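S.K.: Let me give you the structure first, and then I'll get to my questions.
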Amino acid sequence: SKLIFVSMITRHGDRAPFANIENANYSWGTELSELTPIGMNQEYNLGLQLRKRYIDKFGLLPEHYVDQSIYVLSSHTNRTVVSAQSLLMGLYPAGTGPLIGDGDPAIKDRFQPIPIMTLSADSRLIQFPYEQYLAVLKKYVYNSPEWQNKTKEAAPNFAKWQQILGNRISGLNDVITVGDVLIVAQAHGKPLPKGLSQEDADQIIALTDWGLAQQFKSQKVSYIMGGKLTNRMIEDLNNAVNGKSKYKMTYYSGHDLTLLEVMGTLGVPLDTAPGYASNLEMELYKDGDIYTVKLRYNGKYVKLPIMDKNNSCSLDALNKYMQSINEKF
Amino acid sequence: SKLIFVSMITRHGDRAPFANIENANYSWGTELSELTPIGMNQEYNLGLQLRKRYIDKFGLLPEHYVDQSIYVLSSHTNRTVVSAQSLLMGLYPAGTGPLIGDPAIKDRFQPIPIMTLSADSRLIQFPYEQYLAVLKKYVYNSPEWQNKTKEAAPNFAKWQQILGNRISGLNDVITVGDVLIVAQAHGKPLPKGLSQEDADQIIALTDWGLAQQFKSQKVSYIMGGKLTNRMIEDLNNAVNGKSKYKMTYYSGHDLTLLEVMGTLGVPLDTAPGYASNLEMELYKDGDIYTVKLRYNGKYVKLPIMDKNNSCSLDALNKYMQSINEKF
């Protein structure tokens, strides 16, 4: 068997929070919501790892970029576009870019340009618009027994966390909000807010990770948000077989929700929220007339309920599996 | 006075033609329609020139990229996106990118976000069928076009037999002309039986044709009114505090430059070469704001501008309002 195609999703890297803790004086080194230099580095390193895998090991892709060999699509945010740019700067690094004349660089240090298209901000393909996302949560998640139960467990801490942080804390949604700020603060080596113990910080962060993952343990919620992208990735695999497409890779640059919704849709919901620069790949293999698929998440293969001992299944089986999911929803 | 804001449009660089000459065996070193390495270099060099101007000379922009200081928007093609990427690699080159004091990315590349319009957007490039519909309606039956067609018509039979490609009007001449322009830029031989004089002639008609399309302010406004308004609004937003950008940059095509210049009532006399560019510059001196218009390295005099190719922002707004009202 030989690898003949890959479809990939990433979450973007470390980024300055939109929210902030009122009773703290955190600054972020960039504008709110922007990818930080740390975030750029995370994605670049992922690019290097992908080069070692899909170029060096599998030889699916060549060492120098072939035009029209990779299709890249991003959500309409600076952080996802810059994350894709940064990753591609790892996959095809300085030194490998095009030459003109007598082996002179087209661009200083032989950077390799690779086009990235962006969805509109209104697109629901890669990230659900915030208002539509919350609408789904209010309808399907916030009133679920699981969410209600966890809320009751955590509720005794809300008053104190609010008095400490300043920020309103009146439910798990608010905990998730401050949780992102504490995650980035910790990543950047900032002190804890005055009066916030490390144990309390840990608990807030754990609830944040629990909450984001819990949202997508419903296959319904997942399909609502991710059925479209999941179908599209599988169609990409098919287009590689039926000759309709000549790409060796499609790459969707997105968010934690993007990974969560696709995994949730395929009936293999993540147990923990995706950290920065998390990624998943659908790999397609060919052996004569036999085509098989494998599914990789954060460096490990994932077993779909239709897969065999070796975490593989025919493309035909994957298509039938998706068809029924579509029929179900 | 001090420069406080700039809005810029570019045409992309050298790219492999979509069409080809049937009786020739040209290959392009990339897939059809893709930016070539030559094209990347053209845009990169433009970036370097822009750094010398707006960073080194005017100091509008700093030497290391400030997030949210530049807004970049491109048409939905590989060649326009890659052209913007390449230009920005000149404006903020290897060595200036962020640190974590170690490089965030090998050789300190500086990532700068580029958004893309949808393929059906009419802002930067009119979709092909809509563009041709405009031409069929307003251009192809114009006396200028008819007359030029009659002058060139005696050559159609010959050019068709030589090239293989259908040649039955100026539209077909423009098509093969694109191919001959790229062929010559890449040092390829002329098709067998095509004289240099004939090639020059085909290319001259091509440049004439593209420019002629936009000497109508109406055709220009139809295709370019939206973007022209948007650029002027960008300038106003720099003054009214609505926007914190120091520059907006629209990555486009020859048509994009042609339509904006045509809308402003200063239509180009010749078609934009690869990597051509236009900038609206905004200056502040106390409470006085003024604007200048730069195309391919030279200032352009709007009919409302003074001896120094400048006018108040207020005047530019009034001038555009009237154009809007006119159409």
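Labeling convention for the structure tokens: chains A, B, ... as they appear, residues from 1 per chain, ligands from 1 in order of appearance.
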Sorted by chain and rising residue number, list the residues of chain B at most 10 Å from chain A (counting only C-alpha atoms), each with its closest atom pair and distance in Å to one decimal, as a Markdown table.

M.R.:
| residue | atom | partner | partner_atom | distance |
| --- | --- | --- | --- | --- |
| B:29 | CA | A:67 | CA | 9.9 |
| B:30 | CA | A:67 | CA | 6.8 |
| B:31 | CA | A:67 | CA | 6.8 |
| B:32 | CA | A:67 | CA | 10.0 |
| B:34 | CA | A:67 | CA | 7.6 |
| B:35 | CA | A:67 | CA | 9.2 |
| B:36 | CA | A:98 | CA | 8.8 |
| B:37 | CA | A:106 | CA | 5.7 |
| B:38 | CA | A:100 | CA | 6.2 |
| B:39 | CA | A:106 | CA | 8.4 |
| B:40 | CA | A:106 | CA | 6.1 |
| B:41 | CA | A:106 | CA | 4.6 |
| B:42 | CA | A:106 | CA | 8.4 |
| B:43 | CA | A:107 | CA | 9.1 |
| B:44 | CA | A:107 | CA | 6.2 |
| B:45 | CA | A:107 | CA | 8.4 |
| B:66 | CA | A:30 | CA | 8.4 |
| B:67 | CA | A:30 | CA | 6.8 |
| B:68 | CA | A:31 | CA | 7.5 |
| B:74 | CA | A:117 | CA | 9.3 |
| B:75 | CA | A:117 | CA | 9.6 |
| B:76 | CA | A:117 | CA | 7.1 |
| B:77 | CA | A:117 | CA | 8.3 |
| B:78 | CA | A:115 | CA | 5.6 |
| B:79 | CA | A:115 | CA | 8.1 |
| B:80 | CA | A:115 | CA | 8.9 |
| B:81 | CA | A:115 | CA | 5.8 |
| B:82 | CA | A:115 | CA | 5.6 |
| B:83 | CA | A:113 | CA | 8.7 |
| B:84 | CA | A:113 | CA | 9.7 |
| B:85 | CA | A:113 | CA | 6.6 |
| B:86 | CA | A:113 | CA | 6.9 |
| B:87 | CA | A:107 | CA | 9.3 |
| B:89 | CA | A:107 | CA | 7.4 |
| B:90 | CA | A:107 | CA | 7.9 |
| B:93 | CA | A:108 | CA | 7.2 |
| B:94 | CA | A:108 | CA | 6.7 |
| B:95 | CA | A:109 | CA | 9.6 |
| B:97 | CA | A:37 | CA | 9.1 |
| B:98 | CA | A:37 | CA | 5.9 |
| B:99 | CA | A:37 | CA | 6.3 |
| B:100 | CA | A:37 | CA | 6.0 |
| B:103 | CA | A:41 | CA | 8.1 |
| B:104 | CA | A:41 | CA | 4.7 |
| B:105 | CA | A:41 | CA | 5.8 |
| B:106 | CA | A:94 | CA | 6.7 |
| B:107 | CA | A:94 | CA | 7.0 |
| B:108 | CA | A:94 | CA | 9.7 |
| B:109 | CA | A:111 | CA | 8.3 |
| B:110 | CA | A:86 | CA | 9.0 |
| B:111 | CA | A:82 | CA | 5.9 |
| B:112 | CA | A:82 | CA | 6.6 |
| B:113 | CA | A:82 | CA | 5.6 |
| B:114 | CA | A:81 | CA | 7.2 |
| B:115 | CA | A:118 | CA | 5.8 |
| B:116 | CA | A:118 | CA | 5.2 |
| B:117 | CA | A:118 | CA | 7.5 |
| B:118 | CA | A:120 | CA | 7.4 |

S.K.: Running DSSP on the backbone, which parts of range 67-175 of chain A land in helix (DSSP H, G or I), as a PyMOL selection string?

M.R.: chain A and resi 78-91+108-110+130-141+145-165+172-175

S.K.: Report the distance between CA of residue 225 in chain B and CA of residue 279 in chain B in Å, rounded to one decimal place.

M.R.: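 Answer for the CA of residue 225 in chain B to CA of residue 279 in chain B separation: 16.4 Å.
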
S.K.: Residues within 6 Å of range 315-323 of chain A, please, as an MDAnalysis selection string. Count only C-alpha atoms; anything in the same chain fewer than 5 positions from it doesn't count.

M.R.: chainID A and resid 291:293

S.K.: Please return, as JSON, numbers by chain, all residues of range 64-258 of chain A that DSSP assigns to strand (DSSP E) on the basis of the backbone.

M.R.: {"A": [70, 71, 72, 73, 74, 99, 100, 104, 105, 117, 118, 249, 250, 251, 252, 253, 254]}

S.K.: With a distance cut-off of 7 Å and only C-alpha atoms, select the neighbouring residues of range 288-300 of chain B, excluding the residue or stretch itself and same-chain residues fewer than 5 positions from it, and output the selection as number ranges by chain.

M.R.: B: 276-283, 309-313
